[PDB]
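Chains as they are written, first to last, in full-length UniProt numbering: chain A, 1 to 255; chain B, 2 to 208; chain C, 2 to 154.
The beta-carbon is built from N, C-alpha and C at its ideal position, and this holds for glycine as well.
Everything on this sheet refers to the single structure shown next.
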RNA sequence: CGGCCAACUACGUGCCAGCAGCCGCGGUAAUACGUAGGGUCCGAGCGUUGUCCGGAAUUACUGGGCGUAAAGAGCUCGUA
RNA sequence: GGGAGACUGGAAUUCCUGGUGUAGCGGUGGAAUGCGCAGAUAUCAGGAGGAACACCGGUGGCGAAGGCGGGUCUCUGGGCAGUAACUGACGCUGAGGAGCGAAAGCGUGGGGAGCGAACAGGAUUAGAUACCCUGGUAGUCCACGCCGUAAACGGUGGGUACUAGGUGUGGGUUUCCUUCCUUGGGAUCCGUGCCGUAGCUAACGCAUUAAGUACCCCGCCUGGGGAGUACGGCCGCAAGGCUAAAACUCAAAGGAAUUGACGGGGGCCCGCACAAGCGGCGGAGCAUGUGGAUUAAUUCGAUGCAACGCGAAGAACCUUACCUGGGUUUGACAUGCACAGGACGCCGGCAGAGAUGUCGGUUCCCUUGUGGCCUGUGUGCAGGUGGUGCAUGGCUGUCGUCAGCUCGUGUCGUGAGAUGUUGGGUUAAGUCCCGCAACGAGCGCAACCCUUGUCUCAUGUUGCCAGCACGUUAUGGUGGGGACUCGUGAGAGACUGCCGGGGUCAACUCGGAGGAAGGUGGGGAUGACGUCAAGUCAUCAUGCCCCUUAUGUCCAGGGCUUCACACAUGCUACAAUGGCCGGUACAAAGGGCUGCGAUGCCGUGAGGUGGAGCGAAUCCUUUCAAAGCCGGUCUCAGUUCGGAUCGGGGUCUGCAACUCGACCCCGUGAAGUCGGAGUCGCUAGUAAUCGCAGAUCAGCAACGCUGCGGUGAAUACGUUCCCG
């Protein structure tokens, strides 16, 4: 490390002492230092109790660390400047050991500015305690085609819709298939040829709607995280679509 | 530096130039003799408060209009003071120079005169607070005066530490162009140094 | 942009080709305000491509753009006091801007002795899928794929 | 003879010489150092030191307190 | 869930055994030690063992305190309510004393799954005897005993009586709604919380569960350290515990609360702050400034933002304040008290580097009292860029053109202080609206000013020329003309003015019409209270100190330009988006009298001669430019790039270009191949790039500064990170 000292007036021996005292702080800086300068001045007025003024500037990897002290002589000023610079460099570290106690920790305990925001679902929580099923629509079970079902979707502003298919005579549910288009799920999977003709670009889910109970359906919805579950009820034997409502209850659509 | 001089801020809108003449080749010597006349009239008269000095020049003939609150002191009953000022104005290479001595109507609505009085009182023995209080209360009595601020800086009271103090009464919007602000600055000479006094006074606005 | 998005400048269509894209290209290759020289360079490059291939400049230019147009990129995102290279979807305007910038920059490093010839060769190679800009698109798509695990935030 | 605490100016000196019961005064312009004027309190006395009481409700009987300032035993049973 | 003893239940962790089964498992902010490939992790079945008891489960119960919940049984302590049968003050407290007393720790004997001091490696770090990771011994567990400490806290000793209430919750008795289901409600006794009177307190707060009002008993305190330490003593296997000083030293140590400041605390916002981009710096040569070194001197000031092309808008001499040497002293320059005068003053010669000295010619007008000049003699005195910007004025920078800083009266608090200035919304804004123990006001914001973008009226010279005539190429050049520009006077025009929608029908906000311009249109001038003892005793002034035969003053020469290096600001480049040559088109602004200076002529070219016309809308700076466009050539090279350095020859200014000017001509032809860590500027006529002009100025170090125009981009998803 190389230091330049720009003294002023009569300060014999201050330059060497300041050089050798400040150059020892290179190991303290955790990043390479560049062009570290020091300046010594003396107050002309004898009325000042601490006439000597010392200033130091270091460029630690682009970060400017500067300090300034007053003293009665060159030696005291240089020593105080060294202590001040050491404290500043300690507060500057920014390496992991010095930035590990401020990084957000745990999952829910403690909150910080950069702590990860809580993931909130669209629905009101309404935990399993008194969740209940307080919405049961049975809008339409008149047979429809894919295009007619899509239009019945669109003006209802509902992502999924349960109807009964024209060609099959079976219950089916359409939903937005994402970027792939739309997706159709039937109680028993059938190919497109048996399905009534359509013009919208859709795809058919190959899996069949399984048979399961109400509590099992709620458990599957909870452990599978889908926006809804379409299934054949075990007791009823017919189609059913459960979705988490906008109040936290489950919306069971039945024929 | 925070606030520019109010007279120069509204020089082209509200206030008027203190020297009135035209010169292209002879601008420099005109300025020289102008400042010589100003310093001569400032040094010659100090008892009576010199409010203002205008100079007008047309070729040879110069008209120096000087305003004071005590015209009788600066003028001679037999013309002795008039003769003195005339003779010392000829010697400034003013060729034919003639003086118009005039009197201010209200010698307490003038910021320069108020600063003059405040400095004169503060010089000898008067505590500064008394000076500002008396000056402000005397300024408010005048009809057209609607605001005043008086500020002094320096070693007030002969102390070892410089201080700045200011007292205001009314409205002093230094940022408003149409409002006219009479500004007066003067340096009082105390045994412990020099004390600066600035006075701003607001008398309505012109459009 | 702390208070909201800024308006966009509606650049005008070209006189001798009537397309927005060539005007965007001449603005990209513009240097020191020498718009006449940039227009000369671009028009000469288009004419060279036309003479070499025999078809219209604009269709092969669009083919080159679609060949070098990216769809996924990687950005440094800081979540929970930690930085990751997150793959991000690219808006169409940004994809077009990146494709044109890559074309110009890579044509500037060619060895065809002239800006017009370098640009013509680069656009032809991009149309045929051989240009260095195509390689840059392949590398950036590969980098987006490699960090797909960080796509959830 | 800065305030407690009656009684201010000039010269000499400058973080020195020194003063001081406490707070604190000496950094070329000191009412706190030394000397001169001036002043005040006492007066055959005037100050300093040493010892005791008071102010000290600061051992609180007259006349104090214990959540955080010092102060409730770690908690019960029980002898005088 | 009060305590002790005995028996016993299940989930899960670990290990072992046996199947299926592969190449990873484990761990972190990221990894590595580690485990596994000899079969791990995973999955199933079986077995062994130890510890703790998910749900119930809480500010809910019990206990004097420590503390106490898997289930069942046995033994046992306490409490509450009702009846009031019974005894009849037998009550309260308690020095010493005895007993109980979390965890850790000690002794003997067992047990040991998980966890885990100590101890190993792994990782981070400048260093890690730590935080994080992999293992892991005592210990945690049981039996019998020791110790006797805790933030053993409600930091609140025990008993009693009284002093507004309101509302949760645990236990028990009873009256009335009455279904008598129901926290129905009431009454009452005993607990356990929250809010709140009076009252108390320094305040915070306590407030029927007192820290209120009083009575009885006990313990404890007398400033902070030294010190709960030493000595002595008692207890203990030991660790150590209990009792417990002094010397010396300090003028304080402390409790509560207020205003700031700060935070690797939170929330809401801003800014080229970041993000997206464009061009750079840091690499090279040169110009400039600074540090350091050097020197006789390298004059002085300025040290992050806010010093470092700054004071310096012009250092060969002068400037100049520094050095060497030569002179000079009421002085280089002022003004007053005096003595003598008619000269001071000039002009030539000589000596000297010059200052200066000397020689030669010239000699005052008033008016008799003297005045103007200087001489010397003097005497007051001048004169200091000598010191102190921590004694100052004045001037300026900066936070920051950010939105904030205060005051009057009122109110609250013992007081510092608080409210107003907070809260919701909105804005560029403490801008405004609605609320509100506040009601108002002032400096700040905005507006009033300049310029610019549109139009109308007025207006025609030196400015335009559209329609008319003369023109000679040379063109508004000339007669003429207000028509279009332009010049400069007055005025209009943007005011959420109008419409639609959000909005508390409020501020305000989104969109639309109109218009040249739509929402402070664009840019300026303007910088609140103050901060940083910021800068300036070298613009100036100035208190105090200092010099005064010198730190004043005159002159010559030199220095401020020195150079083994370091830092900063810029310019030119590294080339083909270019170099060179030829042709050719478009600006704005500004300057000019002892200055701009044309035509012509002479030089290759700086330039020389010469002087037309101009104090200038006229003449000159050329009619003005360069980038630009067209044509030719060069062909990717240390080159026809780059220009440094050096040799020779000249011009101009200046008394004088050696130290130390600029420019011109010929030759010479270095580094330099787009530049590490890092870092800067910029949101539109902007960045980038091109030229012109001005100040200072005899000449210039100007590539610097201040203005003017030509051509003119990319990007902004959005506030997580950096700075303020």
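>> Just to check my reading of the structure: residue 87(C) and residue 78(C) have Cβ atoms closer than 8 Å, yes? What is that Cβ distance to the nearest angstrom?
In response: The count along the third chain starts at 1 and reaches residue 87(C) at position 86. The count along the third chain starts at 1 and reaches residue 78(C) at position 77. Right, their Cβ atoms sit about 4 Å apart.
>> Please report the distance separating the alpha-carbon of residue 107(B) from that of residue 39(A).
In response: Counting from 1 along the second chain, the entry for residue 107(B) is found at position 106. Counting from 1 along the first chain, the entry for residue 39(A) is found at position 39. Each residue's alpha carbon lies about 59 Å from the other.
> DSSP three-state call for residue 94(B): helix, strand or coil?
Replying inline: To locate residue 94(B), count along the second chain from 1; it is residue 93. Reduced to three states, the DSSP call for residue 94(B) is coil.
> Are the C-beta of residue 87(C) and some C-beta of chain A separated by less than 8 Å?
Replying inline: Within the third chain, numbered from 1, the residue matching residue 87(C) stands at position 86. So, not an interface residue.
> From the beta carbon of residue 91(C), is the nearest beta carbon of chain A less than 8 Å away?
Replying inline: For the purposes of this step, residue 91(C) is taken as the residue at position 90 of the third chain. No, no contact with chain A.
>> Considering only the alpha carbon of each residue, which of 146(C), 80(C), 111(C) and 65(C) lies closest to residue 103(A)?
In response: Taking the first residue of the first chain as 1, we reach residue 103(A) at position 103. Looking at the Cα atoms, 80(C) is the closest of the given residues.
> Would you report the Cα separation of residue 138(C) and residue 149(A), rounded to the nearest angstrom?
Replying inline: Translated into the one-based positions of the third chain, residue 138(C) becomes position 137. Translated into the one-based positions of the first chain, residue 149(A) becomes position 149. Between residue 138(C) and residue 149(A), the C-alpha separation is close to 41 Å.
> When the Cα atoms are used, what is the spatial distance from residue 121(C) to residue 98(C)?
Replying inline: For the purposes of this step, residue 121(C) is identified with residue 120 of the third chain, where counting begins at 1. For the purposes of this step, residue 98(C) is identified with residue 97 of the third chain, where counting begins at 1. Residue 121(C) and residue 98(C): Cα-Cα distance of roughly 19 Å.
>> Could you check whether residue 95(B) and residue 38(B) sit closer than 8 Å to each other, using their CB atoms as the reference points?
In response: Along the second chain, read from residue 1 onward, the residue named residue 38(B) stands at position 37. Along the second chain, read from residue 1 onward, the residue named residue 95(B) stands at position 94. Remark: C-beta atoms of residue 38(B) and residue 95(B) approach each other more closely than 8 Å.
> Mind checking residue 141(C): buried by the 16 CB within 10 Å criterion, or exposed?
Replying inline: Here residue 141(C) refers to the residue found at position 140 of the third chain. Label assigned to residue 141(C): buried.
> Secondary structure at residue 61(C), three-state DSSP: helix, strand or coil?
Replying inline: Along the third chain, one-based indexing puts residue 61(C) at 60. Helix.
> Using the beta-carbon count (16 or more within 10 Å), is residue 97(B) buried or exposed?
Replying inline: On the second chain, position 96 is the one that residue 97(B) refers to. By the neighbour-count rule (16 or more Cβ atoms within 10 Å), residue 97(B) is not buried but exposed.
> Does residue 80(C) get closer than 8 Å to chain A when you measure Cβ to Cβ?
Replying inline: Here residue 80(C) corresponds to residue number 79 of the third chain, with the count starting at 1. With 8 Å as the cut-off, residue 80(C) counts as an interface residue toward chain A.
>> Just to confirm the assignment, what range does the alpha helix (DSSP H) spanning residue 96(A) have?
In response: What you label residue 96(A) is simply residue 96 of the first chain in a count that begins at 1. Where residue 96(A) is concerned, the enclosing alpha helix (DSSP H) stretches over 96 to 99.
> If we ignore side chains and look at the alpha-carbon of each, how far apart do residue 63(C) and residue 183(A) end up?
Replying inline: The count along the third chain starts at 1 and reaches residue 63(C) at position 62. The count along the first chain starts at 1 and reaches residue 183(A) at position 183. If you take the alpha carbons of residue 63(C) and residue 183(A), they lie about 34 Å apart.
> residue 30(A) by DSSP, collapsed to three states: which one?
Replying inline: As a position in the first chain, residue 30(A) is number 30, starting the count at 1. Note: residue 30(A) maps to coil in three-state DSSP.
> Does residue 104(A) get closer than 8 Å to chain C when you measure Cβ to Cβ?
Replying inline: By one-based count along the first chain, residue 104(A) stands at place 104. By this cut-off, residue 104(A) is an interface position.
>> If the criterion is Cβ atoms closer than 8 Å, does the pair residue 196(B) and residue 123(B) meet it?
In response: To locate residue 196(B), count along the second chain from 1; it is residue 195. To locate residue 123(B), count along the second chain from 1; it is residue 122. Taking 8 Å as the Cβ cut-off, residue 196(B) and residue 123(B) qualify as a contacting pair.
> Can you name the residues of chain C whose CB is closer than 7 Å to the CB of residue 116(A)?
Replying inline: In the first chain, residue 116(A) corresponds to position 116, counting from 1. Correct list: 80 and 81.
> How is the beta strand (DSSP E) around residue 8(B) delimited, first residue to last?
Replying inline: Taking the first residue of the second chain as position 1, residue 8(B) is located at position 7. From DSSP, residue 8(B) is part of no beta strand (DSSP E) but of the alpha helix (DSSP H) over 7 to 10.
> From what residue to what residue does the alpha helix (DSSP H) around residue 105(C) run?
Replying inline: Counting from 1 along the third chain, the entry for residue 105(C) is found at position 104. Here the alpha helix (DSSP H) through residue 105(C) covers 93 to 109.
> For residue 185(B), which residues does DSSP report across the bridge?
Replying inline: Counting from 1 along the second chain, the entry for residue 185(B) is found at position 184. Its beta-bridge partners are 200(B).
>> Here's the rule: buried if 16 or more other CB atoms are within 10 angstroms of the residue's CB, otherwise exposed. What is residue 141(A)?
In response: Your numbering for residue 141(A) matches position 141 in the first chain. Exposed: under 16 other Cβ atoms inside 10 Å.
>> Could you give the first and the last residue of the continuous beta strand (DSSP E) run that contains residue 230(A)?
In response: Here residue 230(A) corresponds to residue number 230 of the first chain, with the count starting at 1. Looking at the DSSP string, the run of the beta strand (DSSP E) that includes residue 230(A) is 228 to 233.
>> When you compare the CB positions of residue 49(C) and residue 118(C), do they come within less than 8 Å of one another, or not?
In response: The residue given as residue 49(C) occupies position 48 in the third chain. The residue given as residue 118(C) occupies position 117 in the third chain. Yes, these two residues count as a Cβ contact at 8 Å.
> For residue 155(B), which residues from the same chain have a beta carbon less than 7 Å from its beta carbon, with the 5 sequence-adjacent residues on both sides left out?
Replying inline: The sequence position of residue 155(B) within the second chain is 154, counting from 1. Excluding positions up to five away in sequence, the list reads 163, 194, 195, 196 and 197.
> When DSSP labels each residue in this structure, what does residue 38(B) get in the three-state scheme?
Replying inline: Working through the second chain from its first residue, we reach residue 38(B) at position 37. In this structure, residue 38(B) counts as helix in the three-state DSSP scheme.
>> What would DSSP say about residue 73(C), mapped onto helix, strand or coil?
In response: As a position in the third chain, residue 73(C) is number 72, starting the count at 1. In the displayed model, residue 73(C) falls within a strand according to three-state DSSP.
>> Helix, strand or coil for residue 163(A)? Go by DSSP, reduced to three states.
In response: Within the first chain, the letter at position 163 stands for residue 163(A). Reduced to three states, the DSSP call for residue 163(A) is strand.
> Out of curiosity, what's the CA-to-CA distance linking residue 209(A) and residue 192(A)?
Replying inline: Counting from one through the first chain, the residue named residue 209(A) turns up at place 209. Counting from one through the first chain, the residue named residue 192(A) turns up at place 192. Looking at the two C-alpha atoms, the distance is approximately 17 Å.
> What three-state label does DSSP hand residue 176(A) in the structure shown?
Replying inline: Looking up residue 176(A) in the first chain gives position 176. In this structure, residue 176(A) counts as strand in the three-state DSSP scheme.
>> Between the alpha carbons of residue 131(C) and residue 45(C), how many angstroms are there, rounded?
In response: Position 130 of the third chain holds residue 131(C). Position 44 of the third chain holds residue 45(C). Going by the C-alpha atoms only, they are around 21 Å apart.
>> Just to check my reading of the structure: residue 110(B) and residue 204(B) have Cβ atoms closer than 8 Å, yes? What is that Cβ distance to the nearest angstrom?
In response: Position 109 of the second chain holds residue 110(B). Position 203 of the second chain holds residue 204(B). Contact between residue 110(B) and residue 204(B) is confirmed by a C-beta separation of about 6 Å, below the 8 Å threshold.
> Between which two residues does the beta strand (DSSP E) containing residue 152(B) stretch?
Replying inline: Here residue 152(B) refers to the residue found at position 151 of the second chain. Unbroken beta strand (DSSP E) run through residue 152(B): 148 to 155.
>> So residue 89(C) and residue 144(C) are supposed to be a Cβ contact under 8 Å. How far apart are they, rounded?
In response: On the third chain, residue 89(C) is found 88 positions in, with the first residue counted as 1. On the third chain, residue 144(C) is found 143 positions in, with the first residue counted as 1. Actually they are not in contact, since the Cβ atoms of residue 89(C) and residue 144(C) sit about 12 Å apart, beyond 8 Å.
> Would the beta-carbon of residue 20(C) fall within 8 Å of that of residue 14(C)?
Replying inline: Position 19 of the third chain, counting from 1, holds the residue named residue 20(C). Position 13 of the third chain, counting from 1, holds the residue named residue 14(C). Yes. Within cutoff.
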